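Enquirer: Residue numbers (the deposited numbering), protein chains in the order written: chain B, 2 to 523; chain D, 2 to 523; chain A, 4 to 480; chain C, 52 to 187, 190 to 352, 361 to 375, 416 to 421, 428 to 480. We treat Cβ as the ideally placed atom computed from N, Cα and C, and that holds for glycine.
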Amino acid sequence: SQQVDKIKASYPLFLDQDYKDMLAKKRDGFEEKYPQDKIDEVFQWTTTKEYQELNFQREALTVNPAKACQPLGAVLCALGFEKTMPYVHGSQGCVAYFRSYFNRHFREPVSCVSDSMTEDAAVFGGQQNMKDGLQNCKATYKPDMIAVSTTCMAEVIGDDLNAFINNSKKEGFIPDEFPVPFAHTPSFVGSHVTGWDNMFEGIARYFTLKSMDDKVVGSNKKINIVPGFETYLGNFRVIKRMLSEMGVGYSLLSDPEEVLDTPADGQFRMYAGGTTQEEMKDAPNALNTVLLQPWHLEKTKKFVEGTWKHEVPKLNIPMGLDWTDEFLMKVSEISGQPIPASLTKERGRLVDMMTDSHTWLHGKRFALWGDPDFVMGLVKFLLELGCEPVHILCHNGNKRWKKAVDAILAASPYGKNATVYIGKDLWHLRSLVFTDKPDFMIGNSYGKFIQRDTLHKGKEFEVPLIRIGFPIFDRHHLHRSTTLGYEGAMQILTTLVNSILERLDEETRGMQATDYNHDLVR
Amino acid sequence: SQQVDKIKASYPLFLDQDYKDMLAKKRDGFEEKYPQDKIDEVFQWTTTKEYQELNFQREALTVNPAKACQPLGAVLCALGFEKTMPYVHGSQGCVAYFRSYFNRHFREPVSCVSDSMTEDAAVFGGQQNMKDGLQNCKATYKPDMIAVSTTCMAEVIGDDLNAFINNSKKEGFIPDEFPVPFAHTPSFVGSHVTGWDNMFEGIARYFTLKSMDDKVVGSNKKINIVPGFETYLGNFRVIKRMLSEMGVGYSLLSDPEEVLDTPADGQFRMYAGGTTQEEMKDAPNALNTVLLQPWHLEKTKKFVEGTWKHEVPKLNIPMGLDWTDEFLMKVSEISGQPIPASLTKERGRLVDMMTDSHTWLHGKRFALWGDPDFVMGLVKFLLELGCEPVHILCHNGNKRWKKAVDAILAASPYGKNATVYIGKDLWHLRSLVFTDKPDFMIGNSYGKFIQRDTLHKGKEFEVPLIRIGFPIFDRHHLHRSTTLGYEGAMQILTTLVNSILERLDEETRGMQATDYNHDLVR
Amino acid sequence: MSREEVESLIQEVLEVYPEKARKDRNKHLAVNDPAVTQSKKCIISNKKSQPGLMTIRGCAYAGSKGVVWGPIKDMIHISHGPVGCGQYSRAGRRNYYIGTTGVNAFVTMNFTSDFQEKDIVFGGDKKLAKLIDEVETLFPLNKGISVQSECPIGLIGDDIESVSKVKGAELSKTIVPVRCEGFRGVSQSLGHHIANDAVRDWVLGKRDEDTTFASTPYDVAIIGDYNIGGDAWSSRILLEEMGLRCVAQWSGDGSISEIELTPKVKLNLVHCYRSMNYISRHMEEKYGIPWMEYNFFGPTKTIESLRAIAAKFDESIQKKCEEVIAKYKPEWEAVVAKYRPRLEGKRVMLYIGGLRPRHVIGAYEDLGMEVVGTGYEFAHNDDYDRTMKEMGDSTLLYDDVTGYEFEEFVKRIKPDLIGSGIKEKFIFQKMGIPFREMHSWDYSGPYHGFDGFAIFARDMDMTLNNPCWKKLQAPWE
Amino acid sequence: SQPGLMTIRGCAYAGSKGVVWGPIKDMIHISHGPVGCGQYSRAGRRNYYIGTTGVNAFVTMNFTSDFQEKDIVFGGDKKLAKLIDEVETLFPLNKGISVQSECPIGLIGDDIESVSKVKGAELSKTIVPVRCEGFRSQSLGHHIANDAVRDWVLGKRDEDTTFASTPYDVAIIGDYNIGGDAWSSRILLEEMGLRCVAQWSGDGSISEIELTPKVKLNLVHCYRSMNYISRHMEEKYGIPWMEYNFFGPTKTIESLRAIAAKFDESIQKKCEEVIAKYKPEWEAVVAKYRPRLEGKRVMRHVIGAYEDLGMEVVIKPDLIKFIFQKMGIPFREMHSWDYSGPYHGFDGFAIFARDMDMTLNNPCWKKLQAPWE
Ligand code: ICS
Ligand code: ICS
Ligand code: CLF
Ligand code: CLF
Ligand SMILES: [Fe+3]
Ligand SMILES: [Fe+3]
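Put into structure tokens, the structure is as follows:
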């Protein structure tokens, strides 16, 4: 039943008595459900340390992973270039999924095409698919460049992307001068960030490898900036803004900020902004190249150091106070531009916010997860805040990254209770937050289920989720946020301290029970 | 008792069994407390419509007001001028309270002095207090200007500010040329915003009244901006940023954003930035003056129109889509500067966010309160979002402002269930949110108590608070936010839609009860 | 527009294509003639997507794991292969269920073998057996396991059938190998067929020799309702109010036991013909169970379907059907009275997967709205046979529409509202056209039944008449 | 105070309403005058209490007469009477009313004593007029509030002998229960075998004030603010009083032994038992935090716990709000305990040590200088 003036959606409509009785009848009659006491016993068991040991003994099963596959990162990288169509050679279902994933995170159109390889291509290869698809894409969506990656089907059958594209050009399917950079992006290797790395290296190779004769390092008085896999628009914007305030000439390579934030003014813009082909061609003339997320830009680093001959600085991701300081000082040294008074004042204001909020931040225990560079930047900032990271999970991390993070933790008295987990998923993390309960989680939307689980053990065991990372599907416009620089540190600090304060307010909202501590002033 | 490894603060320390027994013994033995059943009955009664009628019949009693007194606004206005010490002629306790209030909202040092009028000044005047205080303030804090307001005691005894300052100059306590603008700021008239208006008019009169002969309107090719009582630093910043993006010459009069946001770099800065005296002197040469918050800048408007001879535009506060559009268009008309593509794109991005979040915003019911201009801007934006304001409360509003807000409500179908209340306090609002429950409140920190009350009736009756306004004491660094312009509209929209989504997640977190609607994607 | 105008528009849209793509796409665009009963002579469907044209279609894994198997709540569905497919499809489809997630229900969880390079080179069958053992250890209350093959499984020669057989025999567990590799077929449709065949081969016949289930003459099974936003529940309450006993639900809020009990029912009520007609036909051949298509979208279709269903049973069911119709008449009449004046005459074009492009037309017409265009991602010719009579004359039908095609069609037709998926929503929101997600119900719903109709009318009004659509033009432009 | 010098001192109203009267939970305190004073002081002090706010307790609410121009010109006595009527109508469970005069009340010739007398006799309710006009530090406000307590509440049960007294009856006077401090003290005294009959004003009730003359010993915490009432009670009821200091283990143990020495041997034995019970807890707190705080320097009742943590009280101090924060000197609030606490008692000592360590050793203080400066 529905009251026309107070229509109910699924919640709370299915809490109506008739629906409740119907669901009870369905369960009792036909579901053959396990008894509720058995379900409670098994759940309690899943919260135990013994279950945690069994869970961490997993070798073949992965449950609730915290990573995606390479072509997703390849598509994100390709979207950062001017009038560029991401083109995944392989099966179309992958492209449907990539597009929907990015649509839900960014709440924006995401342009990507597939050559729709099918059973016939599984034996004969997808060369005809490549020829037809390149021609159709160029004719229909008129990009200035088509950036090609692969689905796992094409990788397994061993489709030669270079040969396929060269044959497409030779047979006249696309013009010879039309730029078609490519990158093999096997989904069974690494993760989405690896696909971003491979795609960027492929594009940079396409535009620079055969024209290095006339390049002179430092000719253009600029610094190349490679952002890596980045899903906060504010991060691109803050890097560009900070470099502008320093008066530092820069080239942001793979800049998708415009195309992921087009205005709603009655017109659909398939393309907007992005790194121009001329910028990529002139990139070897830069003073140096700075990789914002070095731990997934290894192949790009090797190409840039070995071909462009740039002396890429050893810089951590510019997250938090110390690492933003190091980034800015390295930029000052490379460019010769002093750090201006505006950035010094912004740093001082971040320090002021830290001083104002340290009493609520100090000693707070966090589990967290995400990509390696993001995770280590978050850990470093939490250590700078006096917070205690307890469970540090990076599903797509490696042993060298783990060693670096352990060194960072050992550099601080606030990291003595921390453990770093690589190759572990969010079911492992669920066990961790049950057996060694933190105050909060920091992660993507998939953490909400963990919170749900913890609440089912009881309100006292609930671990609230703070949504920082990718993907965030159950909140709106968080992709506009910033995590890098002093501005990003300010935003993260505000989110953390206010999450703590909202939790405290919730715990002290009980009248005559806990509201003695429901302070007006915090 | 305490565990040294897990130390408990007041919450949850006093939930320990021994403390619970102690408190029960204290209550039962010596407090002579009413029976809990009687307390429950009375609470239920306070949630009823009959209690609401009795509550709204109040004529003499005010409970939990939603306003402050004039000298607070005078102090805030004075802080917006370069090297200016706010000076409140009257009793010292007032200044202690003003400083504490602003310290707690901004989490920054707040400079303000009193001349410490006591019983001796109650019978005689405060003239000796004025002379000694002006001399001491100038000698101790070396301000470039002293802006004098009054506490209620000085107003009641009738101290002549102008005569007192003239005497201080005549007997040499302070130099004759030293600027000492003044304004009577009676706490028993209007509210804090009235004090802001009176102080700004006093300063402007001091710097422009006797030098109007050589002033030519429009000769400096600038637009004056009067922000009014403003406690979001982002609002000053966004106004300056938007005017600069337009290439519009402007003069922000009473700009306190620097002094309220000094960096933490090891030194205390009593003064920072602010409107210079030369800017105030040259203000009559502007093309026009734009009052961002006209509904509490009436005296300032009268002076600016009658003395500077500026044709002050009839503009609403630049809040939300339509009113930001109107502000920008009027600025373009006055200055001759076209609206640049950057602001057009920002507007389009705000519209994009509105289209992205309209399904969750539509029909949501809000109670809200604050100062008149802020409240009407919030109501206009909520109407633009498809939300229904139901309880609009402005304790320091007037009948003309209420008529204007009712006209705004009548122009939208989403204003049909809306009522505007002026001169009503937060106890009235508590009754309203009990008898005509909205989905959310939008207000300052005091609203938290109302939320507590609603939760005591039951979780289904709880009205979550969304903290927008002044003062915000129980969250950190929200004073850095923006509520004006497209940027402020985006921040407000994000806050509202994500508050809705967090509430929905909380309501659907119940395992096997309501978590069928605990969607990953929203 | 006239038929000639729509034909001309189709021709101009196709001009940008290369010759092969143009010739192919010409056969998938049509002007509706409601008198046509054989849609093959007007349009072609269920064909290979043209490469590089930005199709909206998913893969067979989406049709099998995402659509059919995934919603089965007390089973654990292993996305066998690399991590991507399982990750992108995790909790993306709002197939609602009641359970304790991670204990006895597993719908929103992503179970995967997370294939690495060594798994590709040397195979993952040993890894699959080890994974099954670990699943049994860590989720002891699961009532079955399905193994949904991703693309590499069928390319590296893996034999998931043998692993499933051996581990199921050893563990006394139903382990269903599904060969739904993404490269198979041309869309999610073959995924539906493969999933239906897997259900038939590994689950459906479990209780063939079992006669302990007490059967009644009013035993029905809801087939092909995946409980999007509780849709199936909103349907079920009506059928039980009519006096019927809904033994099974396929597969929204579905359990393996009700699937096994389905061969015992008296009637199969098929909502989504496209995804479950295979298993319905098999059940008719094997168990003699009649099946009938029905439609619970909007009051007119709901009343017609309730009466058609009650006609299959005795007089008591018919009387209870009339009582249900009378009970709900004031509610949906109030909904119409409130919302039709705000929606009368409004034009909508749809593009959805396999059933909803034709099934939701009646609800829009109940709100006075007109569907001027419709099309399918992966429908077959029988679906187009069904929808040609439903659509108005000279309306635009599109099969496997490309992004360019749909954008141009919308620009010319200028509908008041568009109902499609997440990959088109923001495109059409940029152009200022109101958009409603007709896959996920825009995280609203249910839309089935009378309560669903109330929600549907509210949502259509809130999106179509939202203030935001009057603000996309800056006043200075 | 010297005029024009930016002092932090409050007014008499802050001393009376903010410090003394406001924490009394079951009374309603009318900030009589313009709106400012009650608003700035609303819930600004963390004088903790247990109750149902708006029903039987009112500490965090702001009741005011909200004086307008007409109230200034024509007086506000009639408005005060009408306001009291409305208070009775809308808050029937209140156990009394106080009227805290703001600055204009004394300057406009308002006579709140007569209104209080008439309305209190009419409604059979205690209505306490307080002439705490802000122009009259908060020390004078404390004195005026104490005189009001003496004149209107304290002697209300002088002729009442129905309360059953015990030789172990004590009253905790002048503990404002900041962050629960008084509670943390009370649990010790009741563990000692004493009966805490009265505790005010922190978590204080009007009945506890009325019962205070029935106790055997007055234990004063804030001696400066309630010594007037304490000496009056000594003179009139013959009740001895003494200061107690529960800040830090050393002061707590000394104060407990001094209090127990005023009673018989059973109380002394129970005091030794309490001390032995809590010795391991504060010893563990010291073991954990004294190494993290040894040798640090801080700029009369606070030296105890600081010394118990190995700290020096006094230049370059390591510890001494926002002005000192800008200089980069770690600062702690001595008034609200930085929204932490309690700091009194053994549990309060644990909290105090944790807070001192977290503020003194926070990395934020090490980041004042930019690495390029
Ligand atoms: S199963 Fe099919 S695409 Fe029949 S694959 Fe698809 S939950 Fe669509 S038009 Mo998403 S044939 Fe269901 C469908 Fe229809 S996922 Fe849902 S909305 S009624
Ligand atoms: S103890 Fe009291 S509020 Fe007497 S609780 Fe308070 S350090 Fe005040 S007016 Mo903060 S009764 Fe001391 C006081 Fe006065 S904390 Fe200090 S300044 S002289
Ligand atoms: S068509 Fe379908 S979704 Fe595509 S792979 Fe194939 S079953 Fe799967 Fe999978 S991990 Fe990523 S998303 Fe692919 S490239 Fe492989
Ligand atoms: S010293 Fe003390 S706090 Fe000052 S007024 Fe006097 S009692 Fe009060 Fe009140 S309303 Fe505002 S804050 Fe004053 S100017 Fe009057
Ligand atoms: Fe968007
Ligand atoms: Fe600060």
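Quick one: which unbroken alpha helix (DSSP H) runs of 4-plus residues sit fully inside the region 372-445 of chain A? Chain order, please.
Expert: DSSP runs (the alpha helix (DSSP H)) wholly in the region 372-445 of chain A: 384-393, 406-416 and 425-433.
Enquirer: Under 6 Å from any heavy atom of ligand 6, by CB: list those residues in chain order, please.
Expert: For ligand 6, the selected residues are B:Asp353, B:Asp357, D:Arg108 and D:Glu109.
Enquirer: Report the residue ranges of all alpha helix (DSSP H) runs contained in full by the region 258-326 of chain A; include only those spanning at least 4 residues, in chain order.
Expert: Counting only runs of 4 or more, we get 259-264, 276-290 and 301-313.
Enquirer: Residues in its own chain within less than 8 Å of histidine 478 of chain D by CB, not counting five upstream and five downstream?
Expert: Same-chain partners within the cutoff: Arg108.
Enquirer: Return yes when at least one heavy atom of ligand 2 lies under 7 Å from the C-beta of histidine 519 of chain B, else no.
Expert: It does not: the Cβ of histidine 519 of chain B is nowhere closer than 7 Å to a heavy atom of ligand 2.
Enquirer: Okay, do the region 169-187 of chain B and the region 66-81 of chain B touch, 3+ Cβ pairs below 8 Å being the bar?
Expert: Result yes; three or more Cβ-Cβ pairs closer than 8 Å.
Enquirer: Okay, do the region 465-479 of chain A and the region 433-444 of chain A touch, 3+ Cβ pairs below 8 Å being the bar?
Expert: As far as the Cβ criterion goes, the region 465-479 of chain A touches the region 433-444 of chain A, which means the pair count is three or higher.
Enquirer: For ligand 7, is there any heavy atom lying closer than 7 Å to the beta carbon of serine 278 of chain A?
Expert: Ligand 7 is absent from the structure shown, which contains only ligand 1, ligand 2, ligand 3, ligand 4, ligand 5 and ligand 6.
Enquirer: At a threshold of 7 Å, does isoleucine 282 of chain C count as lining ligand 2 (C-beta to nearest heavy atom)?
Expert: Answer for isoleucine 282 of chain C: no, Cβ out of range of ligand 2.
Enquirer: Which residues does DSSP list as the beta-bridge partners of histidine 80 of chain A?
Expert: Bridge partners of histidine 80 of chain A: A:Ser149.
Enquirer: What are the complete alpha helix (DSSP H) segments, minimum 4 residues, inside the region 96-184 of chain A?
Expert: Counting whole runs of 4 or more residues, the region 96-184 of chain A contains the alpha helix (DSSP H) stretches 120-125, 128-141 and 163-174.
Enquirer: So, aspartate 475 of chain B versus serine 446 of chain B, is the Cβ gap smaller than 8 Å?
Expert: Going by C-beta atoms, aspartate 475 of chain B is nearer than 8 Å to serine 446 of chain B.
Enquirer: For chain A, is any of its Cβ atoms less than 8 Å away from the one on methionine 118 of chain B?
Expert: Chain A contact via Cβ: present.
Enquirer: Once the 5 residues before and after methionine 491 of chain D are set aside, which same chain residues still bring their CB inside 8 Å of it?
Expert: Once the five neighbours on either side are set aside, the close Cβ partners of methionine 491 of chain D are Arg350, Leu351 and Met354.
Enquirer: Would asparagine 518 of chain B count as contacting chain D if we go by Cβ distances under 8 Å?
Expert: So yes, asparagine 518 of chain B belongs to the interface.
Enquirer: Could you tell me whether the region 84-95 of chain B touches the region 19-37 of chain A, where touching means 3 or more Cβ pairs closer than 8 Å?
Expert: Output reads no: the region 19-37 of chain A does not touch the region 84-95 of chain B.
Enquirer: Please give the ranges of any alpha helix (DSSP H) in the region 188-251 of chain B, keeping only runs that are unbroken, at least 4 residues long and fully inside the region.
Expert: Qualifying alpha helix (DSSP H) stretches, in chain order: 193-209 and 234-246.
Enquirer: Does any residue of chain D have a CB that is nearer than 8 Å to the CB of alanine 201 of chain C?
Expert: No, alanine 201 of chain C lies away from the interface with chain D (no Cβ there is under 8 Å from its Cβ).
Enquirer: Would you verify that the beta carbon of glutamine 3 of chain B is, or is not, closer than 8 Å to some beta carbon of chain A?
Expert: Yes, its Cβ sits closer than 8 Å to a Cβ of chain A.
Enquirer: Does the beta-carbon of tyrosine 102 of chain D, which I'm using as the reference point, lie nearer than 7 Å to any heavy atom of ligand 4?
Expert: Outside the cutoff, so no.
Enquirer: Please confirm whether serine 500 of chain B has its beta-carbon closer than 8 Å to some beta-carbon of chain D.
Expert: Not closer than 8 Å to any Cβ of chain D, the Cβ of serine 500 of chain B fails to qualify, so no.
Enquirer: Going residue by residue through the region 379-447 of chain D, where are the continuous beta strand (DSSP E) segments of at least 3 residues, counting only ones entirely within it?
Expert: Whole beta strand (DSSP E) segments, 3+ residues: 389-395, 420-423 and 441-444.
Enquirer: Quick one: what does DSSP say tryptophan 479 of chain A is sitting in, helix, strand or coil?
Expert: Of the three classes helix, strand and coil, the one that applies to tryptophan 479 of chain A here is coil, per DSSP.
Enquirer: For the beta strand (DSSP E) that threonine 263 of chain D lies in, which residues bound it at each end?
Expert: First-last for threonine 263 of chain D: undefined, no H or E at that position.
Enquirer: Kindly list, in the order they appear in chain C, the residues whose Cβ is closer than 7 Å to that of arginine 348 of chain B.
Expert: Ordered by position in chain C, the residues that pass the 7 Å Cβ test against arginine 348 of chain B are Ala477.
Enquirer: May I ask you to list, following chain order, the residues of the region 10-27 of chain D that have a beta carbon less than 8 Å from some beta carbon of chain C?
Expert: Taking 8 Å as the Cβ-Cβ cut-off against chain C, the residues of the region 10-27 of chain D that qualify are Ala10, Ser11, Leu14, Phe15, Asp19, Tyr20, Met23, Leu24, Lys26 and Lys27.
Enquirer: Give the residues of chain D in contact with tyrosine 446 of chain A, contact being defined as C-beta atoms less than 7 Å apart.
Expert: Those within 7 Å of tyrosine 446 of chain A in chain D are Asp520, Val522 and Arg523.
Enquirer: Using only the alpha-carbon positions, how far apart do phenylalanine 99 of chain B and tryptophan 361 of chain B sit?
Expert: Distance between the alpha carbons of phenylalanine 99 of chain B and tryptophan 361 of chain B is about 40 Å.
Enquirer: Roughly how many angstroms lie between the CA atoms of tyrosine 415 of chain D and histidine 285 of chain A, to the nearest whole one?
Expert: Computed Cα separation, rounded: 54 Å.
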